[PDB]
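Below: one structure, written as structure tokens.
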Amino acid sequence: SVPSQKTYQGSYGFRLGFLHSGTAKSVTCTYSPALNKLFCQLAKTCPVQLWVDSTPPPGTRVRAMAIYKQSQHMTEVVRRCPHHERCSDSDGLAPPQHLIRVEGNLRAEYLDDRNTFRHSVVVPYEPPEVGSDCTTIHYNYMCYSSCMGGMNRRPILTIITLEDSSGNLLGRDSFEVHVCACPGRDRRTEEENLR
Ligand SMILES: [Zn+2]
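At position 191 of the sequence shown the residue is numbered 212 (this note's numbering), and the sequence of numbers has no breaks.
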């Protein structure tokens, strides 16, 4: 099967948000609204905001999962390449095979679907704290889009789902990701190409 990627705000008005990091050559993570695409460096922090119109129930969770963007690759589980899954860079919680990790959250759970074999990382949804209007999760992508034996230059999508305590769907959003050496340059190049 293939996880759905349909945008769904649901009852709580759930949707993602991204910082405005610009496209300077040195930027490590930058988001393109025009392409709905995040460009980032290997294993660098990717701040992703969670916005809702109303606070969901206690026990609500947020899951991140990568899938190949191209239909001809959709059924293939997105995983780290043969090199990176063996480079011993685990943080003591993320299995080394997982492409997406969550930083600084001891309650992060890493799932290997016994049915689909797909990987995902889920954390408890936390309401925004005093002074903030949104909640931010910091993700890391652990392979380059170009890694041989892994993504092998195939574009991927990250699907973020708001789930209830049983894993049922409350909301969904998604964005394309390109893990590269120079996000700033790549984003400028791709948006130019789009122009
Ligand atoms: Zn890799």
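All C-beta atoms in this analysis are idealised placements derived from N, C-alpha and C, irrespective of residue type, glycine included.
Nearest neighbour of residue i, chosen from the options [CA to CA]
| i | options | result |
| --- | --- | --- |
| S75 | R174, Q118, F196 and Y146 | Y146 |
| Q26 | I180, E212, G192 and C203 | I180 |
| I121 | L127, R128 and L132 | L132 |
| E212 | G31, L40, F35 and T51 | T51 |
| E124 | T96, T157, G171 and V151 | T157 |
| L215 | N126, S53 and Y33 | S53 |
| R139 | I88, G80 and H105 | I88 |
| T137 | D112, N173 and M86 | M86 |
| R84 | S141, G152 and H199 | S141 |
| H105 | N126, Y33 and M169 | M169 |
Assumed close pair residue i, residue j - CB separation to whole angstroms, cut-off 8 Å
| i | j | result |
| --- | --- | --- |
| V69 | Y165 | The pair is not a contact, with the Cβ atoms about 19 Å apart (cut-off 8 Å). |
| residue 217 | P77 | Any answer about residue 217 is impossible in this case: the structure gives the chain only from 22 up to 216. |
| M163 | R101 | 6 Å |
| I177 | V98 | At roughly 11 Å, the Cβ-Cβ gap does not stay under 8 Å, so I177 and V98 are not in contact. |
| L183 | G80 | No, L183 and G80 are not in contact; Cβ-Cβ is about 12 Å, not under 8 Å. |
| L71 | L37 | 7 Å |
Residue i: CB within 7 Å of a non-hydrogen atom of ligand 1
| i | result |
| --- | --- |
| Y165 | yes |
| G38 | no |
| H104 | yes |
| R139 | no |
| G171 | yes |
| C50 | no |
| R101 | yes |
| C203 | no |
| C61 | no |
| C168 | yes |
Contact set for residue i: own chain, Cβ-Cβ below 7 Å, skip 5 residues either direction
| i | result |
| --- | --- |
| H94 | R175 |
| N57 | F196 and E197 |
| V23 | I88, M95 and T96 |
| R128 | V144 and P145 |
| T44 | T51, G205, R208 and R209 |
Run of the alpha helix (DSSP H) containing residue i, from where it starts to where it stops
| i | result |
| --- | --- |
| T179 | Per DSSP, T179 belongs to no alpha helix (DSSP H); it is in the beta strand (DSSP E), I177 to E184. |
| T210 | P204 to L215 |
Own chain residues within Cβ distance below 6 Å of residue i, not counting five before or after
| i | result |
| --- | --- |
| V48 | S42, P204 and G205 |
| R193 | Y29 and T182 |
| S111 | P117 |
Nonlocal neighbours in the same chain, by C-beta distance under 8 Å from residue i, ignoring five residues either side
| i | result |
| --- | --- |
| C201 | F60, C61, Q62, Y165, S166, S167 and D207 |
Extent of the continuous beta strand (DSSP E) run through residue i
| i | result |
| --- | --- |
| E130 | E130 to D133 |
| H140 | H140 to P145 |
| residue 222 | The structure shown does not extend to residue 222, since the chain spans only 22 to 216, so no value can be given for it. |
| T157 | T156 to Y162 |
| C102 | Element bounds for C102: n/a, residue is neither H nor E. |
| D194 | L190 to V200 |
| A87 | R82 to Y89 |
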